[PDB]
Amino acid sequence: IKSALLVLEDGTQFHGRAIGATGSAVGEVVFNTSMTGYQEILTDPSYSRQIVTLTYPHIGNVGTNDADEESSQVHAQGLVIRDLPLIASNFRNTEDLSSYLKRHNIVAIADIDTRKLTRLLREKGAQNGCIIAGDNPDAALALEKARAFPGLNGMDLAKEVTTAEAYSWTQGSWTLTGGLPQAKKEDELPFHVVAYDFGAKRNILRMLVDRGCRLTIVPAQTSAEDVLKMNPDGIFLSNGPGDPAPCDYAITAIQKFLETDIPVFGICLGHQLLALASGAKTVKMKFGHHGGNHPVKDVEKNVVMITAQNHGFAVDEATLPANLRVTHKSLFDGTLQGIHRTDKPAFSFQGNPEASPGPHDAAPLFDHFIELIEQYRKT
Amino acid sequence: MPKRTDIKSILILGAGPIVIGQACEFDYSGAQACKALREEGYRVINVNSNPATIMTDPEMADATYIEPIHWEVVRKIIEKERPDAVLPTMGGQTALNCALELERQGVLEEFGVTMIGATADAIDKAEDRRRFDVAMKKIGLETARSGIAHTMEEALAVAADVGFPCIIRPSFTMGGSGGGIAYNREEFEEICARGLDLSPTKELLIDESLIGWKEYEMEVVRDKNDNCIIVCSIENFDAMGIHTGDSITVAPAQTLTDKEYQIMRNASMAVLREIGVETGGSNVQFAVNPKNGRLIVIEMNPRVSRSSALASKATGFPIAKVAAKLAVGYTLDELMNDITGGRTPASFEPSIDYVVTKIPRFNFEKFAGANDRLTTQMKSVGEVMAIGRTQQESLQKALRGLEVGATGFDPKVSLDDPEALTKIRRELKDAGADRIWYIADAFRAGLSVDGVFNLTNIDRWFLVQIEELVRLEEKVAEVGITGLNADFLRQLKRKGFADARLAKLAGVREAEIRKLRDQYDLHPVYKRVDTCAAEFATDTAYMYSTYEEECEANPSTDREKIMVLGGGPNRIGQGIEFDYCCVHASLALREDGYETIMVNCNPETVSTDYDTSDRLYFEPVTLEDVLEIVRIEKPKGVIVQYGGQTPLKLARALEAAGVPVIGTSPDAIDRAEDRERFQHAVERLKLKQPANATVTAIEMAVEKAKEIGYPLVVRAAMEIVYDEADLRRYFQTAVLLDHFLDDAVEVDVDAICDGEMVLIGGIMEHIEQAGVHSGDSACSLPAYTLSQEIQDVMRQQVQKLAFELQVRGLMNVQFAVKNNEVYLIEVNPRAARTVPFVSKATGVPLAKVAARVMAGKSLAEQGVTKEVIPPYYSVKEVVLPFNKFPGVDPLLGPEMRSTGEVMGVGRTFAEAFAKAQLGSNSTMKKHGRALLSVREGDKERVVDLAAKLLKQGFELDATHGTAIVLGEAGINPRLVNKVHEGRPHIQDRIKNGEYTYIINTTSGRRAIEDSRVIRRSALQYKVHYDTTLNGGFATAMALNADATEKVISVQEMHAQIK
Ligand SMILES: Nc1ncnc2c1ncn2[C@@H]1O[C@H](COP(=O)(O)OP(=O)(O)O)[C@@H](O)[C@H]1O
Ligand SMILES: Nc1ncnc2c1ncn2[C@@H]1O[C@H](COP(=O)(O)OP(=O)(O)O)[C@@H](O)[C@H]1O
Ligand SMILES: CC[N+](CC)(CC)CC
Ligand SMILES: NCCC[C@H](N)C(=O)O
Ligand SMILES: [Cl-]
Ligand SMILES: [Cl-]
Ligand SMILES: [Cl-]
Ligand SMILES: [Cl-]
Ligand SMILES: [Cl-]
Ligand SMILES: [Cl-]
Ligand SMILES: [Cl-]
Ligand SMILES: [K+]
Ligand SMILES: [K+]
Ligand SMILES: [K+]
Ligand SMILES: [K+]
Ligand SMILES: [K+]
Ligand SMILES: [K+]
Ligand SMILES: [K+]
Ligand SMILES: [K+]
Ligand SMILES: [Mn+2]
Ligand SMILES: [Mn+2]
Ligand SMILES: [Mn+2]
């Protein structure tokens, strides 16, 4: 009996079993509907300071493997599941999930009614919480920490997970057959895109590479000037944790790029920043979107795509400056999912075209970027 | 985008009679489609020969045709109703096959009928195995190494190339029909000849073995804008080599990485795109090498299926309904998601927060000589489904819901059996219907997870869960009832252990575990199905039980509720017919103002469609599960009379526990169900029953037998013993004793009693005499030979029985008429399987009526007081699964083996019978050579049959004594040799196609055993055959009719009723 307990800001308690590291974890508690891809979710920087609840009951069936890592580490503050399986059963498995969590020092609880949890979050909106896994978990203590959490609203977390120094990436996507491929030689990549590291998934990077890009990842805080100084064929605004609003640096830099003709493409946090830099406004959603079965329609093409989502903030359609045209919307709630600068070659998508985990449906957004890129090059 | 305008009327092709491989799932689908189209404003026409379906109920559609599903017949419907389009994707292989013939025959062209949902070409592309393979290669998907064959010679050469074992898959078949796994040449020829024959296109695809790889399926929906979604994923428990229909399967998939899942999801879509399904759903099946993720495309089904029904039940996303709408022009994004209170659109991929398990229902015990091993050809007769928060909870619940008497992992072999490991090993290595039980037995006998894996190929992820459950059971057995503390019991409940399983282990009664839970306040909670893992709210009360925290039941305090108990999975003798009545109880009572609560777990049915009732509890129909529901619902009444045997058996227990059971009392039921109790009431009533006797000892029988008089109906699997020696011979091999009523007409009478009066629903004369189970008998309404006089005696007796036994609602009475005397065979104080047919035949919805009676509205108050005799004849004919089990002797008898039925409507009996016969897929011709080989009793009347056949143009063949009889009467048949007599014999002649009709009757175990070759050949060779003289005469009469001549709608039928 290795107890664990989760408490939400509202006082709700869920008692279950510790399945990862001993300790405590505090963050905003969110639910994710993905039936597969827990590893990828766990390792997505966007999950920084968030407690991840997975609605699919059996989490861990296939164990874990290095290829399934979205970053160098597990960003999730903690993990909430209904059942950890007895065994992992998959040829790609290199380590069982409990071992993995422990190894990454993650506080995780199993055996709780995740449904009740999801229902509460849906109904009453997101809540901050705390998990204590240990000998005799203090429920009063957990509540206090939950209540003492500052919250993600107005919290800049991009600066917190960004790389320290700029780096070069030239590695493409995995294949069943060849796994993760060797990094390409710079000369084999026609384009050179400069990527803003706001807590980037490796998959974004790999998919850009697959399309002919060679990249330079730069810290969140890079200046426009240093950026422009590189003479990129395009600029990329990665996905990333927290409130996009506070990232004044990014916004400024961005505004800076928009004065030029360099194609700019943002994904998720990148989508919100572009929007902000364009004069739009962002909002914190009631509970946001985390799942991999989310329908988004390309309104310009009247077509639906099933996509991967992982965001708690959104761009207000209503405050859209005139130079921003709406390109996609959520079919589940009508929220804004895509925009394109009417006057500039800058566009972004709220969802995650790179998926990992999730449907490959939105991959094509990447192609528009290349398109833009090549066009800028024609010039 | 929106609904198509150039189409006003749609003809929907139904699936026909229920058979192994093509069952209720098509009534559910067909109904959903009528539903969706009618809602959309289209004029709906449909054809379905099976009367036991909700889809053929008159108020469900505009022009309903209960007629043989033959192109020529369908041709007449088209001509007559002139539909603008035809939807052929909701009726199984039967509908696909028919659509294509109509196309081929040029009928569509002829009347300008546009094929919607799926095109003819698309269907063929997926249905023609060769076409399918070429297409996969075209899209870079991998398939098993194979070869197409159109003849035995070509077939051998493929085998010569892929080697044994190989998989044989006919084109244009489904459910493994006409296929199998060949381990050797002998079997290869056998399977090969079978499918080339059965293949509508005389084509087989022969593949190399992938036995043991993992098996998966995906349910896809695609609309005209090219929007495409995965509705559900399914991982099979049993590996490749065992048909999905005969496998335990679960949703969603469990052991694939997201990476692997995406590749399969992408391939699924590519497949639909390639085959060309642009406006509906399809199922794509795959094989995955657990060792390296290698993906192999196995097949695709361009239509709704048994998996798509399961998937709808599993996710709450109504596939068939959606598909129907897409067929007329709508796009996914335009449609609303049903259960999310139409808040989200249908264009999304469902996400579930639970585990769904399906276990197939078999009935090998009714097919003695059958090969009872699982293979690529389905053998199951039904399926149960369970929803649990965990795989263990899901599985166990399914196990107790299967109606095979299991309480969960009940043991098959003893711990102390020296040979058990050997037996265990065999059952694992070569899967039978009992595999799952044996798996647990294996863990109790000492084998490791790895050893089990090795024998079975079942993924370790499942095996470990079952092992864990065994270890828990060993603990219960050790600790006993004393160790059943609150924490442990709750643990146990969470893993889905049943009170009954726990009770056996702890050596106490189920009720004791039940009280214990009460004491500790350990009851399940109810979660709702909602398609989105709680991401959005729901207003549909589609629920399942689980041992969790928060309850979502939220029952009304507002309404008077009536609960209807389903029958669980379908099995032989407990089919769709029981479900039709459940559905009707629900529709009528709801219509009337009650809050209706349905309890059932058959994923194939309409009863488990969340639209059928106010509240649906998708649960095992067991005492435990029911009481939990009643506990929280506090209903006004519960109906246990419509689900068949299943709920019938819970009646007393339910009442004991204080459940408010409505209609005929549990005591009453017992009075009728208990032979002894029954025999006294008959006596009391001064009625006539055949002489009987309960014999214990052999020598006690032999005497008593002398008393009763032979022949005798030995009923512990029944038997008809002819002589003393026969008797012994029986016991040996082998108690009640009943004098067998030789040469008597059997009749069934369905009726309703409201305590004040009796309403005769129908008097049905069977064609086949008493001794041939009523479920396997063709029958006629109205009687075709019984005097009104003797029918009056039956009506009176029905009446006396009804009042005496205190029936309240439906009843069924079976008699035997002999020498102008009525003998009672039995009384069934509930809805019988004849109910739907009688209802269709007479226009009176007896299950709705009887349900109103149960709830308190009298016959008089409802205005249903006079027996209805229709102006046309309705004839019911059955379909037997013998072709699925070649080793079985395709002979009729006292025990029921049929899976379904059809109905024939005609001006005369000959006409009804001919429709019934054609509808039942009979291969009978109007010309040719007929083979006559009859028993002594039959020797007299055979003469007349022989002349009728002569008068019709047939030539005749006859074996020895039959020839003698015919000779003496002036008929000289061509003599034919018995197998023993010399060559050429019957077998050879049948094998050669010399016959188009066979009449073979027999009497006496031994006599039966010898003649086995005839029926066996006849069936194998597709020659129509009768095994009763009554049936032969009926067949002779139909020769005078023309089933395709005239068609009539149910509405028209009912309008003729005065
Ligand atoms: N190469 C193969 N090796 C082993 N089993 C196979 C192979 N191909 C198919 N099967 C098995 O046979 C079953 C029936 O084949 P399928 O193509 O689905 O035909 P059907 O259309 O009759 O359902 C599958 O569900 C699978 O278990
Ligand atoms: N005494 C009998 N004489 C002739 N046939 C009988 C007799 N008893 C039963 N049968 C045959 O056995 C069948 C089944 O017997 P029944 O008592 O109705 O069994 P079940 O409960 O299986 O429906 C009947 O439908 C009938 O054809
Ligand atoms: C599947 C049912 N049949 C093939 C389509 C054979 C009984 C109907 C003809
Ligand atoms: N109603 C039973 C089906 C009849 C079958 N042809 C036979 O007589 O054996
Ligand atoms: Cl909990
Ligand atoms: Cl046909
Ligand atoms: Cl078929
Ligand atoms: Cl391989
Ligand atoms: Cl304990
Ligand atoms: Cl019945
Ligand atoms: Cl067989
Ligand atoms: K718990
Ligand atoms: K037309
Ligand atoms: K097929
Ligand atoms: K191949
Ligand atoms: K299988
Ligand atoms: K299937
Ligand atoms: K009969
Ligand atoms: K009975
Ligand atoms: Mn098929
Ligand atoms: Mn199949
Ligand atoms: Mn009976």
Side-chain angles (χ1 to χ4, degrees), chain B residues 24 27 51-54 57 403 561-571 573-592 594 596-602 604-609 612-617 619-622 626 629-630 635-652 654-655 659-666 668-669 672-673 750-754 759 761 775 807-812 827-840 844-857:
Chain B
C24 321
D27 181 35
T53 62
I54 292 286
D57 281 345
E403 308 280 316
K561 321 144 159 189
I562 306 272
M563 191 181 318
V564 180
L565 306 185
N570 305 119
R571 314 91 85 164
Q574 303 283 304
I576 190 151
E577 302 87 347
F578 297 105
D579 188 86
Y580 174 99
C581 302
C582 299
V583 172
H584 270 198
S586 175
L587 310 170
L589 302 186
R590 181 176 48 196
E591 166 97 82
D592 281 15
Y594 291 92
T596 60
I597 303 165
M598 178 80 57
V599 189
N600 194 22
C601 52
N602 186 343
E604 281 185 4
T605 76
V606 168
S607 56
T608 60
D609 175 319
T612 306
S613 54
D614 295 302
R615 307 163 61 83
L616 174 52
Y617 279 88
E619 294 287 290
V621 192
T622 68
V626 175
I629 291 149
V630 165
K636 177 171 187 224
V638 183
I639 299 166
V640 304
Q641 306 91 345
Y642 286 14
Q645 260 334 120
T646 290
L648 207 74
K649 286 162 146 219
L650 294 182
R652 292 134 94 200
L654 287 156
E655 159 194 277
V659 186
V661 184
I662 55 176
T664 309
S665 104
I669 295 182
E673 308 277 305
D750 282 329
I752 305 178
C753 183
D754 63 1
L759 162 81
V807 172
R808 313 273 180 281
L810 283 151
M811 64 185 301
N812 172 257
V827 172
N828 306 302
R830 49 159 185 86
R833 56 178 84 77
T834 47
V835 169
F837 166 81
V838 162
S839 301
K840 256 17 180 296
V844 178
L846 300 160
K848 306 187 179 195
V849 180
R852 300 165 157 135
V853 163
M854 284 181 308
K857 217 181 154 179

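Quick note on labels: first sequence line is chain A, next is B, and so on, each numbered from 1. Just so it is clear, the values below take in all heavy atoms, side chains as well, and ignore hydrogens, waters and symmetry mates.
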What do the steps show when you test B/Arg830 against B/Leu810 for side chain to side chain contact (heavy atoms under 4.5 Å, CB included), and what is the final call?
CA-CA 5 Å; B/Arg830 49 159 185 86; B/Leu810 283 151; over 6 Å; no
Take B/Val827 and B/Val807 through the test side chain to side chain contact (heavy atoms under 4.5 Å, CB included) and record every step on the way to the result.
CA-CA 11 Å; B/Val827 172; B/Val807 172; 5.9 Å; no
Take B/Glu673 and B/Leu648 through the test side chain to side chain contact (heavy atoms under 4.5 Å, CB included) and record every step on the way to the result.
CA-CA 10 Å; B/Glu673 308 277 305; B/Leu648 207 74; 3.9 Å; yes
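Remark: the backbone N or O of B/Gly573 is paired with a side-chain donor or acceptor of B/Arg833 at under 3.5 angstrom. Using a distance-only test at 3.5 Å, with no hydrogens or angles considered, no donor-acceptor pair links the side chain of B/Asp592 to the main chain of B/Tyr594. Looking only at distances, no side-chain donor or acceptor of B/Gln574 sits under 3.5 Å from a matching main-chain atom of B/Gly567. For B/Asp27 (side chain) and B/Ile54 (main-chain N/O), a donor-acceptor pair under 3.5 Å exists by modelled atom type.
Nearest heavy atom pair, residue B/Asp750 against residue B/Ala832, reads OD1-CB, 3.9 Å. Nearest heavy-atom pair, B/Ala651 versus B/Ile669, reported as atom, atom and distance to 0.1 Å: CB-CD1, 4.5 Å. Taking each heavy atom of B/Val661 and B/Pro666 in turn, the nearest pair found is CG1-CD, 4.3 Å. Taking each heavy atom of B/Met563 and B/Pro635 in turn, the nearest pair found is CE-CG, 3.3 Å. Closest non-hydrogen pair, B/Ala847 versus B/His584, comes out as CB-CB, 3.7 Å. For B/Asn600 against B/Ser607, the heavy-atom pair with the smallest separation is ND2-OG, 3.1 Å.
Atom CG of B/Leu650 is separated from atom OG1 of B/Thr622 by 7.0 Å, given to the nearest 0.5 angstrom. Rounded to the nearest 0.5 Å, atoms CD1 (B/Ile662) and NZ (B/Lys636) are 7.5 Å apart. Distance check, rounded to the nearest 0.5 Å: CG of B/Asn828 to CD of B/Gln645 gives 8.0 Å. Here the CG atom belonging to B/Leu587 is positioned 6.5 Å from the OG1 atom belonging to B/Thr612, to the nearest 0.5 angstrom. If you take CG on B/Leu759 and CD1 on B/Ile752, they are separated by 5.5 Å, rounding to the nearest 0.5 Å. Between the NZ atom in B/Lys848 and the SG atom in B/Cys581 there is a gap of 11.5 Å [rounded to 0.5 Å].
Partner of B/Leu589 under the side-chain contact (heavy atoms from CB on, under 4.5 Å) criterion, out of B/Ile562, B/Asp614, B/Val564, B/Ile597: B/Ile562 alone. Remark: of the listed residues B/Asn570, B/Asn602, B/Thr646, B/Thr646 is the sole one forming a side chain to side chain donor-acceptor pair (under 3.5 Å) with B/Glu403.
Residue B/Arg590 places its CZ atom among more than 12 non-hydrogen atoms of other residues, nucleotides or ligands, all under 6.0 Å distant. Around the NZ atom of B/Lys857, the shell of radius 6.0 Å holds more than 12 heavy atoms that belong to other residues, nucleotides or ligands.
For the residue pair B/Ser613/B/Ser586, the side-chain donor-acceptor check at 3.5 Å is not satisfied.
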